[PDB]
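Here's the letter readout for the chains.
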There are 2 protein chains.
Amino acid sequence: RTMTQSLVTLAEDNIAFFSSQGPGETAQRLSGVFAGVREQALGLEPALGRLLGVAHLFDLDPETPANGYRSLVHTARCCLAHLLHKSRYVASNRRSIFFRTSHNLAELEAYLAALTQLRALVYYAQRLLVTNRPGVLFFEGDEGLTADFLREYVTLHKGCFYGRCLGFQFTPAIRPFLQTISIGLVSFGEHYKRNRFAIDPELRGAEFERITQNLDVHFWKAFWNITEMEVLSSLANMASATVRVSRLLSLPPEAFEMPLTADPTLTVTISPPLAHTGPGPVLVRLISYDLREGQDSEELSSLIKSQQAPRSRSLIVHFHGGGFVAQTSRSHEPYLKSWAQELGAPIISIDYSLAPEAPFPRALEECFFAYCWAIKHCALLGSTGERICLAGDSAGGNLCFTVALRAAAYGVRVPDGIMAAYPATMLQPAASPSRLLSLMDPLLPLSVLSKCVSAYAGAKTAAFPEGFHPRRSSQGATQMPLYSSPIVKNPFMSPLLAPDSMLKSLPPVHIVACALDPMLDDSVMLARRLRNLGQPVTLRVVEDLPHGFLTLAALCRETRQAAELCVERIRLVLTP
Amino acid sequence: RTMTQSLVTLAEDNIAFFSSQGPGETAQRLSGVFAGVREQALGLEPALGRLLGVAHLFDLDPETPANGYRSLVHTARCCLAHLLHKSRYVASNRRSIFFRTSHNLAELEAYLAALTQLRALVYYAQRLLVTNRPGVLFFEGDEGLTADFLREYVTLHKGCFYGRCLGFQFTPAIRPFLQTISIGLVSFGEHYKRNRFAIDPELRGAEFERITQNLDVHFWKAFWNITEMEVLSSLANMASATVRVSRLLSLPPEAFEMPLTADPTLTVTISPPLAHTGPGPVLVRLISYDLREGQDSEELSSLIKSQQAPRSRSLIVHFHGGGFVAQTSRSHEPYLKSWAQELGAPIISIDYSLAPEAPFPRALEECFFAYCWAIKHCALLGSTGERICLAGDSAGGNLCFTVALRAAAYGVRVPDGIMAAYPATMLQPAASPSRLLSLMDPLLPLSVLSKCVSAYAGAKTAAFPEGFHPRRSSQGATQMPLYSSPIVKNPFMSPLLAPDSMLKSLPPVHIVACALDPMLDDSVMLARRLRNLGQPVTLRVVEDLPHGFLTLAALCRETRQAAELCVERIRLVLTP
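Some words on the overall build of chain A
Right, on to step 1. Of the regular secondary structure elements, chain A holds 20 helices and nine strands.
Right, on to step 2. For chain A, the C-alpha radius of gyration of 26 Å lies close to 25 Å, the compact-globule estimate for 576 residues.
Right, on to step 3. Taken along the three principal axes of its C-alpha coordinates, chain A extends 90 × 50 × 45 Å.
Right, on to step 4. Out of the 576 residues belonging to chain A, those deemed buried represent 54%.
Right, on to step 5. Carbon and sulfur atoms form 57% of the exposed surface of chain A, whose accessible area is close to 25,700 Å².
Right, on to step 6. Charge separation in chain A, taken as the distance between the mean sites of 53 positive and 51 negative side-chain charges, equals 4 Å.

With respect to empty space enclosed by the protein
Residue and element names in this part refer to chain B.
Right, on to step 1. Empty space within the largest cavity amounts to approximately 300 Å³.
Right, on to step 2. Taken together, 23 residues form the lining of the largest cavity, with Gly322, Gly323, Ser394, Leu449 and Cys452 sitting closest to its centre.
Right, on to step 3. In terms of residues, the lining of the largest cavity owes the most to one element, helix α17 (residues 446-449), which gives three residues.
Right, on to step 4. The residue inventory of the lining of the largest cavity, partitioned by class, reads 15 nonpolar, seven polar and one charged.
Right, on to step 5. Among the secondary structure elements, those contributing two or more residues to the lining of the second largest cavity are α3 (25-58), α4 (68-92) and α5 (101-131).
Right, on to step 6. The greatest single-element share of the lining of the second largest cavity, amounting to six residues, is contributed by α3.
Right, on to step 7. By residue class, the composition of the lining of the second largest cavity is nine nonpolar, five polar and three charged.

Section: the side chain of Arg435(B)
Residues and elements named next belong to chain B.
Right, on to step 1. You can see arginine 435 is positioned in helix α16 (residues 433-436).
Right, on to step 2. At 4.8 Å, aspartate 522 is the nearest oppositely charged side chain to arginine 435, a buried residue that forms no salt bridge.
Right, on to step 3. A distance of 2.7 Å separates a polar side-chain atom of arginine 435 from the backbone oxygen of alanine 430.

Regarding the sheet that holds strand β6 (residues 347-350) of chain A
Backbone-to-backbone hydrogen bonds join strands into a sheet, with any given pair of strands oriented parallel or antiparallel.
All names here are of chain A.
Right, on to step 1. What the four strands build is an open sheet, ordered β1-β4-β6-β5; its pairing is mixed. Strand pairing shows two members of the sheet lacking a second neighbour, β1 (245-248) and β5 (316-319), which therefore form its edges. Each strand of the sheet is rotated relative to its neighbour by a mean of 20°, with strand direction disregarded.
Right, on to step 2. The pairing of β5 with β6 spans four bridges and is parallel. Bridged to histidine 318 within β6 is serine 349.

Topic: a negative patch on the surface
Residue and element names in this part refer to chain A.
Right, on to step 1. Judged by side-chain charge, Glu293, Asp296, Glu298 and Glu299 come together as a negatively charged surface patch.
Right, on to step 2. Among the secondary structure elements, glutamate 293 is positioned in the loop between β4 (285-288) and α12 (298-301).
Right, on to step 3. Accessibility expressed as a relative area gives 38% for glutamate 293, which makes it partly exposed.

Quick notes on a nonpolar patch on the surface
Right, on to step 1. A surface patch of nonpolar side chains, about 540 Å² in accessible area, is lined by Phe188(A), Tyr192(A), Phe219(A), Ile226(A), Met229(A) and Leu232(A).
Right, on to step 2. When its relative accessible area of 39% is taken as the criterion, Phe188(A) is described as partly exposed.

Overview of the relation of the copies chain B and chain A
Right, on to step 1. Note on the identical chains: chain B maps onto chain A by a rotation of 180° and an axial translation of 0.1 Å, with an RMSD of 0.4 Å. Here the copies are linked by what is in effect a two-fold axis.
Right, on to step 2. In this assembly the copies share their binding face: 86% of the residues contributing to the interface of chain B also contribute to that of chain A.

Details of the UniProt feature "active site" in chain A
All names here are of chain A.
Right, on to step 1. Annotation from UniProt places "active site" at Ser394, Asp517 and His547.
Right, on to step 2. The buried category is assigned to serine 394, whose relative accessible area is 17%.
Right, on to step 3. Not counting residues within four places of it along the chain, the set of residues in contact with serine 394 comprises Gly321, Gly322, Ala421, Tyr422, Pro423, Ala424 and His547.
Right, on to step 4. Within the secondary structure, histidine 547 is located in the loop between β9 (537-542) and α19 (557-563).
Right, on to step 5. According to the relative accessible area criterion, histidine 547 is buried, its value standing at 6%.
Right, on to step 6. Those residues in contact with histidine 547 that lie beyond four places of it in its chain are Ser394, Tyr422, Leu443, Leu444, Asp517 and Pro518.

Quick look at the packing of aromatic side chains
Right, on to step 1. The full count for this structure, using the stated rule, is 38 aromatic pairs over all chains.
Right, on to step 2. Taking the centre distance of 5.5 Å and the plane angle of 55° together, the rings of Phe368(A) and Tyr410(A) count as tilted. Taken together, the residues span a long stretch of sequence, with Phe368(A) in helix α14 (residues 362-373) and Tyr410(A) in the loop between α15 (398-402) and β7 (418-421) at a distance of 42 residues.
Right, on to step 3. Judged by centre distance (5.1 Å) and plane angle (45°), the ring pair of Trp220(B) and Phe223(B) falls under tilted.

Remarks on the environment of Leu530(A)
Residue and element names in this part refer to chain A.
Right, on to step 1. Structurally, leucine 530 can be placed in helix α18 (residues 521-531).
Right, on to step 2. Look at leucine 530 and you get buried, because its relative accessible area is 0%.
Right, on to step 3. Those residues within four positions of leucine 530 in sequence are excluded, and the remaining contacts are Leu503, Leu506, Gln535 and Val537.

A closer look at the nonpolar core
Residues and elements named next belong to chain B.
Right, on to step 1. Among the nonpolar cores identified, the biggest contains 172 residues, and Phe319 and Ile350 are the most heavily contacted of them.
Right, on to step 2. Ranked by the residues each element gives to this core, the list is headed by α5, at 12 residues.
Right, on to step 3. Of the domains in this structure, domain 1 (1-135) and domain 2 (234-427 + 484-570) are the two that each give at least three residues to this core.
Right, on to step 4. In this structure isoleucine 350 touches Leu283, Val284, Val317, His318, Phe319, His320, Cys367 and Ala370, once residues within four positions along its chain are discounted.

Let's talk about the packing of α3(B) against α5(B)
Residues and elements named next belong to chain B.
Right, on to step 1. Where α3 contacts α5, the two axes come as close as 9 Å, and the packing angle between them is 30°. Viewed along their axes, α3 and α5 adopt a mutual orientation that is roughly parallel. With respect to the hand of their crossing, α3 and α5 are arranged in left-handed fashion.
Right, on to step 2. Its residues placed into classes, the contact of α3 with α5 shows 19 nonpolar, seven polar and three charged.

Regarding the sheet that holds strand β8 (residues 509-514) of chain A
Residue and element names in this part refer to chain A.
Right, on to step 1. Ordered by their spatial adjacency, three strands build an open sheet running β7-β8-β9, and the pairing between neighbours is parallel. Of all the strands in the sheet, just β7 and β9 have a single pairing partner and so form its edges. Going from strand to strand, the sheet's axes swing by 15° on average, the running direction of each strand aside.
Right, on to step 2. By the bridge criterion, four bridges tie β7 to β8 in an arrangement that is parallel. For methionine 419, the partnering residue across the bridge sits in β8 and is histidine 510.
Right, on to step 3. The sheet strands contacting α18 are β8 and β9, and the helix crosses β9 at an angle near 155°.

Thresholds, definitions, all that
Residues numbered from 1 in each chain as written, not as in the entry; some residues may be left out. Chains lettered and ligands numbered in written order. Heavy atoms only, no water. Helix = DSSP H or I, 4+ residues; strand = E, 2+ residues; numbered from the N terminus. Rg over C-alpha atoms; globule rule 2.2 N^0.38 Å. Buried < 20%, exposed > 50% of the residue type's maximum accessible area, 1.4 Å probe, protein only. Areas by Shrake-Rupley, 256 points an atom, 1.4 Å probe, with all protein chains shown as cover. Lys, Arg positive; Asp, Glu negative; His and termini not counted. Charge placed at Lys NZ, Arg CZ, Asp CG, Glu CD. 1 Å grid on protein atoms, 1.4 Å probe; cavity = no way out; pocket = protein on both sides within 12 Å on 5 of 7 lines; lining within 4 Å. Points joined across faces, edges and corners; volume = space filled by probe spheres on them. Nonpolar A, V, L, I, M, F, W, Y, C, P; charged D, E, K, R; others polar. Salt bridge = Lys/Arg side-chain N within 4 Å of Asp/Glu carboxyl O. Polar contact = N/O pair within 3.5 Å; in protein donor to acceptor, adjacent residues only side chain to side chain. Pairing = 2+ DSSP bridges. Axes fitted to C-alpha atoms, helices over the stretch in contact; angles between N-to-C directions. Patch = residues over 30% accessible without salt bridge, like charges linked within 9 Å, V, L, I, M, F, W, Y side chains within 5 Å. Least-squares fit on C-alpha atoms. Contact = heavy atoms within 4.5 Å. UniProt positions renumbered as here; feature names shortened; annotations may be inferred. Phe/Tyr/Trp six-rings, centres within 6.5 Å; stacked < 30°, edge-to-face > 60°. Core = buried A, V, L, I, M, F, W, Y, C linked by side-chain atoms within 4.5 Å. Domains from an automatic or database assignment. Parallel < 35°, antiparallel > 145°, perpendicular 65-115°, else oblique. Left-handed = near helix turned anticlockwise from the far one by under 90°.

Here you go:
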């Protein structure tokens, strides 16, 4: 309340400060800009108040302020505080007209656009809040009305977050990296459309919002694995710790023997990953700190595709992230090598196959085969197998859940821990308050996750009160195929809306996320759907960071303490 | 002897191990490879012994073993130690033929080529030493026969230091960056010729050694200021420290007046810097940690081109480097900001004009004008002028001798100390034992600095015993115009061959250098020409690093303390 009035009480004087000392256009521009600033603050105060009150009404626990409503309120108050600081500075420094009016004119115009767009988004979040039943942050409606809701929200235009104001909601110590990532991605988009703009940030939005609705997942397939090509994969490894064992493996494409815990004398044989195209080489790769006992012999030396540490205690499995479409296992070492420094475990970072050329169930069976091969060939991997741990990543968190839960349907000993960081656990398309901030994020537009589930599932190719009208996206109405066949509503693909009776045997789960991800409301529903069953799950939320910070640890101080947050919670699995 | 004999005692068995266990071509290949290795070591040992004896005979002081002879001896010794370690590993691990013979065949033939080419270079060093008078590091001959020596050097072929073994003489932690850098040059060269190479290192030399002799100075005008563009400068600026004063200036192109310290009552006026094309704006930019007293007023704020810190004690001048053709003042920030953390002085990183469109004296008097303007407008720069400390780089290391001593010709007071990191003080073209290893350096070959003096000067466009026939460069004779008109004989281009009576009034000098630079023999020659006059000059040498590492401070674990060494000797000036 004191933040909103402070912009209003400095309005008329600053309107009178510039309108009385010049008849030019800039006096009218600045007076109208500051009148719009006070009007937007005063009109945005009560909707923010209702949002924060029901956000208190909405969260699962008081310890973790993790909802979409808190994130939208945080974005709005960050914009308001930035406008307040800029206003205080210009008010304290308006003795001369030494500063050019054009620069601050364009800055405050962009911030006017930011405040009016956040006003539209906060009104839409309030509409969703009224429409749904409180207590559930998702929607129970059918496909048609959910698609109508998603199209109605995505009709808005994003000319402010993608221009000069890219990254106001984050730490100021990270913004130049976001700007050069934007420049590089626009550069690849222009180069590949053809098969400068970095000086002027005003024209950055004029392509950064067109790539939101004019992008293909085959084209983002290059983006996650741009850290794979032989110059940057080599140039990203000086921050990586010391190592010796960085060898690939090649598993045989034939089934073997494995027992079940319900009766040790009875075993169950399960076929290799066929997916009606023929089993192939399950390509895994072992990353270990040193050569372990019984590991550097011929049984491991015979499977590489073209002193000794003692008997190990517990191997750590790993599935990479990268949207199930890119970022193979050759990219996650610079924190995987830093993982092995203190854990002391042979980290087999499985490179599972990637969508859409290898969708489910191929993408979920060879990591089911590699996990199955690693309880019996334990000495071949330099491990014992009396205790198993797990790891998860950006997209490989649902795959971290699914392969650790369908094993319980087979009777084989499941692991006793899950460490999935910001997982994509809600691949079923539905509107959500935290998925509303998917059109504004720096690294990914709303179309990253819209076309991620098209690749995985193998798909075949009043609204507003009168007088309120911000800029609207008139660049063609995007009508994409987002149909939900019965192969998408399942734990095996999205383990929330799974039947309740088969989530009881889940391992203990440790999960982290950030407050400003689209993968925030998805992870929040996980805690609510398991705290009513007695199973313990711990969700930790961080702030001022995007999603995709695990491959970005050696960049800033706040990304250091967030990507290291995965490490100390992954070793709680290791104790008996 | 024991390092060379130990390569011989495991030769006959190594031949008997492979030639008696297979009739294929690889047996003859490996036997010939190890015979060539043993004969190259045994024939290169006596030349190395003569070179080390005369290297002990030739250096100035025992404290700093810095010549060309020590550097060539170290290169040969490092190649021999690498081959010895590889032979030890292969001899200990030749129980099976599991390792592919082709890979070690290619590595060992590359090392055979390396030993042959280093043998040719060591023979060239011996012939040079012999020919010239002992005691003088440089040659006293005329232009014609020195050009004959240079061409008789150039006709050699360097197909070994630029292939897979690119960067053996340095630390292994630095080599991946050199590999990506080499990929950068080969991609730049093929793109610039036209207006993949990371998989096969054998084909890397076949383009790199053509790039060496087929590049232009305008081509190299982009490499050093590739960190000047806004995306890479922004991507490098987070490692720098915090700042608030990073403002450019714009000096008036009109003459003004100085006193003389010989007699304060008499006065002298500057002739404005014309270079027969008209005086312009002396672009100088100020870097300071905080706003200082009398600095943020209207006088400084009226010069930007389109609490308060107290009365400062002294300023620090800075001239950038970059071969006089690139690397302007907009590329030296990320370590210049760390300079202001402890020094407590305002850095004026002067952006002087750049060769070849602005040769001497245009590149000489603008920085003379900027230094002259800072003696009088001291408070306007937030200084007092009670002490001048001066800094230098690869190319700016002669600026702290040329314009820092020509002020004493004008009678005005001179700075009380010079810091010059690896200065280029012998721009007159002639060969030396440290200019010998200018064809093997990764980041710049010999045709970089030999063609950067045509830019600065504004130029107008038995040999071997019988049976010794290594690979020779038959790709055209590079008969470039390297004529030396008397404009390079003068003191104000290369101060070693200056008249003796004027270097007496030089300020005290502190110079750092590396043991593997082409600009090594010149920097040790500088201490020779001043230690016989009584003026104290200190020279520090480092190892395992190239020259050009000041912009590469925060990239390796060994360049961190080497670029910190420049700061350590730059604060010794500040004491009275």
